[PDB]
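> First the structure, which I've put down as structure tokens, then a few questions once you've had a look.
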Ligand SMILES: *[C@@H]1O[C@H](CO)[C@@H](O)[C@H](O)[C@H]1NC(C)=O
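Chains as they are written, first to last, in PDB author numbering: chain A, 1 to 49; chain B, 5 to 64; chain C, 148 to 196; chain D, 50 to 391; chain E, 5 to 371.
Printed below as a string of structure tokens:
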């Protein structure tokens, strides 16, 4: 397959995807999200101490 | 200083087992040196020792 | 996780992402301490209280 | 710029030795069959027919990447900065700030706080590239998803980032006739073409007369919108009107006005100052501009000033230092044609 | 200090295209071009060591070139570098050649010999020198202006960049096997010869002496010198020693790049007049030079070209002036004035063409 799916954004949920390749052996695969790292704009403006 | 390894002893790259003039005493061990010790930047100092004119052959 | 970085591992090919919900927990004017960040209008430069 | 690197390839005379499937950026390998190694004394190997030749090729960075490289940047919101010189009663003083309503500076009793940038427009999109003297707003392919023979023919995050996304397809060939070498296939790049046809830099693509300036790159001198400034000044500058002369019987006489960009006309103010004193002159409309701002006046005589408007007839009023003159000027068609300043 | 000689290794050269169609065994061949200097100086790989010798002197009369298991030498006044024009050699140092020279379909180097007969490695080589700035040149410049640029810095201290230098494949010399009545006397002559024989009693093996290989002929014998004493390099385009992996190449290669400025030609100022809401610009030319222009509003509407001759170009001007950039000079800035005159007031109306100066013919539909 070129199996494009949309798994829910949940860390640690085993998504069981199906590969019924055409006239081929069926194949179930597991995926599991482990981190969601979001890093915003690194724009330091000024300081205060 | 920086540690060069000819798979047997952890010698300095400034102090090889053949200080100075490696090729002037051994061609092919200098070639195995050129195969192995090239992972060390201080080996260039050994190349300033062995290769780049600091031998026994200079009258320094 | 933005739909730009393809990656193949043992010939298994994946383009991941992009993120569906682009929600952001950060304000623009945010101040940073050694372990933390806070959404607060720090007073602007030269025009501070 | 990349660099295509080959090994000294393997001339396996009398047999075949299969290569090791290493992972290099555009690793490529082929053991050609029935090869003919040649040297100074005729053929190189005494074995002739069963000579095969392993060949390998790869591409990595070059040595120009230390100081000569372009950079696909993600541009963002812009930060403003402004420069201001005030002629503070015959004294020029200058200060730079942020033009956002948010940058207060004070020096020589001048509480300079600007108002906001009335516009909001930035001349840049996020997808920006920069090389060494210029920038270009185009959509590069992103990292990883680059295209061979373009921007993104070779992709690295930083110069110190060694993830070199390469796209060359350098397919090897059998050599010509016993020739001890490795031929490869076509691979056009991006540096070989688009640097020669990047063309009009964003210095030249700039609306409203923007200008660009590197180190760091910045959009200068497209003064669009209207900038407020609040300025507070104490009573150290203002003097009493009894320290000024009460100018009476004012009559404006314009011998020649010409509605133009430059000095639009000249006027004579018949005035009757009571004494000696320095006082202000300010027209009650913004259209006509006396070039004279603070005038020392002496008595009961005719001062002579200039003014400038594009009004076909400048009929207006001037507060001559808390006294009023009404002025009239038949202006004439402008005989000048080109002007270098707005 | 100042030695490269002993990290070199004796993998030889046969130049695969030395000119006039075909090939020859030549050690002085061209391998690589480096053209990445912005100004247009050229950095060239050779399989020789120049500025330096066997015994590492800065002499210019000897240079290590490999002629059939021999270190021979050559004068560094006989350096005939030529793409279409003979090039202007500046830098001669070991692996490296630095020169400034114009466009050409091919590129060659020429060299004298120990037999003092000069030849040339001549490869079809479509190097094209680049363009930079906006200007070209007719005579040599000694009076010019500024342009930032980059060029190859002339420094010996560029470490941790290498080429592939390795133990030789062999040096097969078929002039070593003399025949003694159907035998073979491998005349080694102070070498280390690996024979590969399709005969009896001595097939494949090393020898140091003029060995007797009986019942064997020249086509039945081989004489391949395992060179490990005299050491002179090439490119890795030629094959390896094929008994193991690679002898790792370690030679630091000098002359990096850095940024400078240049005495660029300037651009001659053109002449202009104003006309009714437009400008009239005659241009003194010098050479084919680009020109650009734009206006100062919501779009620049910038149009770009190369101009070549004494060119009178007419441009209408909007209310916001015009910006024409010609050469790398000042970007010329202009603003319109209402052009000549409408009228008087008079017995007729005669303010309509007053109004055809002031907002000319726009908002005249409304009245
Ligand atoms: C002061 O500034 C005005 C305009 O701001 C300028 O015309 C004048 O030459 C300046 N004078 C001095 C002494 O800087």
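Using N, Cα and C, we set each Cβ at its ideal position, and we do this for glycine too.
How many whole angstroms separate the CB atoms of residue 148 of chain D and residue 166 of chain D, which I take to be in contact at a CB cut-off of 8 Å?
5 Å
> Look up residue 217 of chain E in the DSSP assignment and give the residues it is bridged to.
E:188
> Is there a Cβ from chain E that is less than 7 Å from the Cβ of residue 388 of chain D?
yes
> So if DSSP puts residue 262 of chain D in a beta bridge, which residue, or which two residues, is it bridged to?
Paired residue(s): D:267.
> Any chance the region 9–29 of chain E sits against the region 232–239 of chain E, with 3 or more Cβ pairs inside 8 Å?
yes
> May I have the straight-line CA-CA distance separating residue 35 of chain A from residue 11 of chain A, to the nearest angstrom?
7 Å
> Consider the C-beta atom of residue 133 of chain D and the heavy atoms of ligand 1; say whether any pair is separated by less than 6 Å.
No, Cβ of residue 133 of chain D sits at least 6 Å from all heavy atoms of ligand 1.
> Alpha carbons only, please: which of D:160, D:128, D:374 is nearest the one belonging to residue 143 of chain D?
Nearest to residue 143 of chain D by alpha-carbon distance, out of D:160, D:128, D:374, is D:160.
> Determine whether the beta carbon atoms of residue 55 of chain E and residue 96 of chain E lie at a separation below 7 Å.
yes
> Tell me the rounded alpha-carbon separation between residue 69 of chain D and residue 177 of chain D.
41 Å
> Could you tell me which uninterrupted beta strand (DSSP E) segments, each at least 3 residues in length, are contained entirely in the region 293–368 of chain E, listed from first to last along the chain?
293–298, 307–311, 315–320, 326–330, 336–340
> Given a limit of 8 Å on CB to CB distance, which residues of the region 78–94 of chain D reach chain E?
86, 87, 88, 89, 90, 91, 92, 93, 94
> Buried or exposed for residue 41 of chain A, please, with buried defined as at least 16 other CB atoms from any protein chain shown within 10 angstroms of its CB.
exposed
> Answer with yes or no whether the minimum CB distance from residue 193 of chain C to chain D is below 7 Å.
yes
> Hey, which residues come within less than 5 Å of ligand 1, measuring from Cβ to any heavy atom, in chain order?
D:136, D:141
> So which residues of chain D does residue 151 of chain C contact, with C-beta pairs closer than 7 Å?
191, 192, 193, 194
> Identify which residue in E:215, E:253, E:210, E:356 has its Cα closest to the Cα of residue 347 of chain E.
E:356
> Below 8 Å, how does it come out for the region 350–367 of chain E and the region 309–325 of chain E: are there three or more Cβ pairs, yes or no?
In short, these stretches do not touch, since the Cβ pair count stays below three.
> Go to residue 134 of chain D, then tell me how far its beta strand (DSSP E) extends in each direction, as first and last residue.
131–136
> For residue 283 of chain E and residue 129 of chain D, I'd like the C-alpha separation in whole angstroms.
Approximately 35 Å between the Cα atoms of the pair.
> Shortest alpha-carbon distance to residue 241 of chain D belongs to which of E:42, E:200, E:177?
E:42
> When you compare only the Cα positions, how much space is there between residue 28 of chain E and residue 19 of chain E?
5 Å
> Output, in chain order, the set of chain D residues within a Cβ distance shorter than 8 Å of residue 16 of chain E.
88, 89
> Name the DSSP bridge partner or partners of residue 263 of chain E?
E:154
> With a threshold of 7 Å between beta-carbons, can residue 177 of chain D be considered close to chain E, or not?
No, residue 177 of chain D lies away from the interface with chain E (no Cβ there is under 7 Å from its Cβ).
> I'd like to know if residue 221 of chain E contacts chain D, where contact means its C-beta is closer than 7 Å to some C-beta of that chain.
Judged by the 7 Å Cβ criterion, residue 221 of chain E is not in contact with chain D.
> For the region 216–229 of chain D against the region 80–92 of chain D, are there 3 or more C-beta pairs whose distance is under 8 Å?
yes
> Name the residue from D:274, D:95, D:345 whose alpha carbon lies nearest to the alpha carbon of residue 62 of chain D.
Distance check between residue 62 of chain D and each of D:274, D:95, D:345 places D:95 closest, using alpha-carbon atoms only.
> Identify every residue that forms a DSSP beta bridge with residue 350 of chain D.
D:320
> Considering residue 211 of chain E, what are the terminal residues of the beta strand (DSSP E) in which it resides?
Counting along the chain, the beta strand (DSSP E) containing residue 211 of chain E begins and ends at 208–211.
> Measuring only between beta-carbons, confirm whether residue 374 of chain D sits less than 7 Å from chain C.
No, residue 374 of chain D does not count as interfacial toward chain C.
> To the nearest angstrom, report how far apart residue 264 of chain D and residue 153 of chain E are at their CA atoms.
16 Å
> Give every residue of the same chain whose Cβ lies closer than 7 Å to the Cβ of residue 58 of chain B, excluding the five residues on either side of it in the sequence, and list them in chain order.
24, 52
> Of the choices D:234, D:353, D:365, D:285, whose alpha-carbon is the least far from that of residue 379 of chain D?
D:365
> By the three-class DSSP mapping on this structure, what secondary structure does residue 140 of chain D have?
If DSSP states are grouped into helix, strand and coil, residue 140 of chain D belongs with coil.
> Can you check DSSP and say which residues form a bridge with residue 103 of chain D?
D:59, D:80
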